[PDB]
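Single-structure report; data block below.
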Amino acid sequence: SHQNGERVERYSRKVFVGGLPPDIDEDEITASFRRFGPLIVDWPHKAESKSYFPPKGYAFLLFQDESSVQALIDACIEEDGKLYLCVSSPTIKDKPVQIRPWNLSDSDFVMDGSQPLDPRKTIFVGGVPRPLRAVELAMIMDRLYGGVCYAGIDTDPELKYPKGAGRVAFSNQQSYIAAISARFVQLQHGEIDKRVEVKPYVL
RNA sequence: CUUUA
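Residue numbers for the first sequence follow our numbering, beginning at 8 and rising by one.
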């Protein structure tokens, strides 16, 4: 017999949790996932106004240890790519909330000597599907616009987590204005085609 | 009851 441990248990300190139910908010989920150790939750619209409750019904957890996401993903339901947990929320008898952690392989990529970057040479990309792979994201922008230098999924250095969507940066101001030249960029690479919404990058 | 700058 053989095993693949210590090579399939790596994970990020961030995990998406889908289907967050109505009514209840940050406190009830900080009590639902607590059975796997202490946790916290955040979203891009979060504020210190103590208003709570995300825009509709999805949120993202932050963790302190990389083994806590392992117990909450190994002691729950699965569906060939996502998982479910129970929370008995006030909208129904129960809300199967989903889980989907971030993986350590394509968080970022570069295709040049990592030249200096500026907010005047970077584009944001949103409306994306779940997979993207920063390697192929940069290669495609290089076949339709060129001048690419860096690509990856949007992240924050103070909370050490992704914010979904993505960004791309160029070593030329000409390739930058060519990438935000239309709301829908071309993602063709031969026998392949994708489309996504763009805007000037901002933070 | 299925994802955000």
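Every residue gets a Cβ at the ideal spot worked out from N, C-alpha and C, and that includes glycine.
Could you check where the beta strand (DSSP E) with residue i kicks off and where it finishes?
i	result
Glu204	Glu204 to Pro207
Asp34	Unbroken run through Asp34 is the alpha helix (DSSP H), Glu33 to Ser39; no beta strand (DSSP E).
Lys89	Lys89 to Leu92
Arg107	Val104 to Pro108
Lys21	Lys21 to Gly25
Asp115	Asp115 to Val117
Around the C-beta of residue i, are 16 or more other C-beta atoms found within 10 angstroms, so that it is buried, or is it exposed?
i	result
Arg41	exposed
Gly159	buried
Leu111	exposed
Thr98	exposed
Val15	exposed
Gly173	buried
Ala54	exposed
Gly154	buried
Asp149	buried
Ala38	exposed
What distance in whole Å lies between the Cβ atoms of residue j and residue i, which are believed to be in contact at a cut-off of 8 Å?
i	j	result
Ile130	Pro207	7 Å
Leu144	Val175	7 Å
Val132	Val205	6 Å
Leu124	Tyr157	6 Å
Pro51	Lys128	At roughly 23 Å, the Cβ-Cβ gap does not stay under 8 Å, so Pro51 and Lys128 are not in contact.
Does the distance between the C-beta of residue i and the nearest non-hydrogen atom of the ligand PLP fall short of 7 Å?
i	result
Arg150	Of ligands this structure carries none, so the ligand PLP is not represented either.
What residue ranges within the segment 41–85 form continuous beta strand (DSSP E) runs of no fewer than 3 residues, ordered along the chain? 47–49 and 66–69
**OP:** May I have a chain-ordered list of the alpha helix (DSSP H) segments no shorter than 4 residues that lie completely inside the segment 132–182?
**Re:** 141–151
Taking contact to mean at least 3 C-beta pairs separated by less than 8 Å, is the segment 34–47 in contact with the segment 56–73?
-> yes
Handout entry: Cβ contact (3+ pairs, closer than 8 Å) linking the segment 105–124 and the segment 13–23
Key = yes
*Are at least three pairs of beta-carbons, each pair with one atom in the segment 76–96 and one in the segment 187–195, less than 8 Å apart?*
no
Review point. Is it a yes or a no for the segment 76–87 touching the segment 115–131, going by three-plus beta-carbon pairs under 8 Å?
Key: no
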